[PDB]
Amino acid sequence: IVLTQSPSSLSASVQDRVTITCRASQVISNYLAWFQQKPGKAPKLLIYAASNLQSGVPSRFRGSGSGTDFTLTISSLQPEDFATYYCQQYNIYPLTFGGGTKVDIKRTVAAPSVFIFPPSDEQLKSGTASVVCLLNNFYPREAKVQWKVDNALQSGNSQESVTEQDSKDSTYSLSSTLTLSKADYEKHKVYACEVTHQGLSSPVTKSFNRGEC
């Protein structure tokens, strides 16, 4: 049984009504459960049988649906409700979970400040070259980072990671790391990352010539 949980993420504000949808690939009657999970913590049951509130769970969490289509609604979002929510069908083996919905804090749009770092001579003496592109303190989370080496777009040789939402200014930060052998790094001169973010009117390019200082 496949559970299609929508949306996969959303931004919301305190006092907002939040609606999360779970659709099953076949009917499961009312045997659906909803869970909440906070970082580093175990999941907590909110609702079982599609609409029964677990004891101790506030009444602003409501579940609805029978058959195929189900809904979790938080009628008035509170600060402790920012979290990831999962639906689950628990009666038809093999057991199945939806894909999750991460509820983060809405704030105003903020463009990243962008920085690029060449590899250190110390890392090159070791035989590897990591080029780093930093996106600092932006919102919303969606951003795109593309690497161009001597104007050729790179694929498959970089990795990204993102911080959790900042507890004080509700932004995200992102690093994208292009990793090449020392040999390959020396094949080329110009290293550039191009950042696209809705807070920027046009994409921003940071670049450098290898060996410049």
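Residue positions are given as counts along the sequence shown, with the first one as 1.
As recorded in the PDB entry, 73 to 81 is the stretch of 73 to 81 and 116 to 124 with the greater mean C-alpha temperature factor.
The stretch 87 to 95 shows the higher mean C-alpha B-factor when 87 to 95 is compared against 129 to 137 in the entry. If you compare the C-alpha temperature factors of 149, 174, 53, 178 in the entry, 53 comes out highest. Among all modelled residues in this chain, the alpha-carbon of residue 42 has a temperature factor (C-alpha) in the highest third. Sort the chain's modelled residues by C-alpha temperature factor and residue 164 lands in the highest third, per the entry. For residue 18, the recorded CA temperature factor ranks within the highest third of the chain's modelled residues.
Compared with the other modelled residues of the chain, the Cα B-factor recorded for residue 200 ranks in the highest third. Ranked by C-alpha B-factor against the other modelled residues of its chain, residue 185 falls in the middle third.
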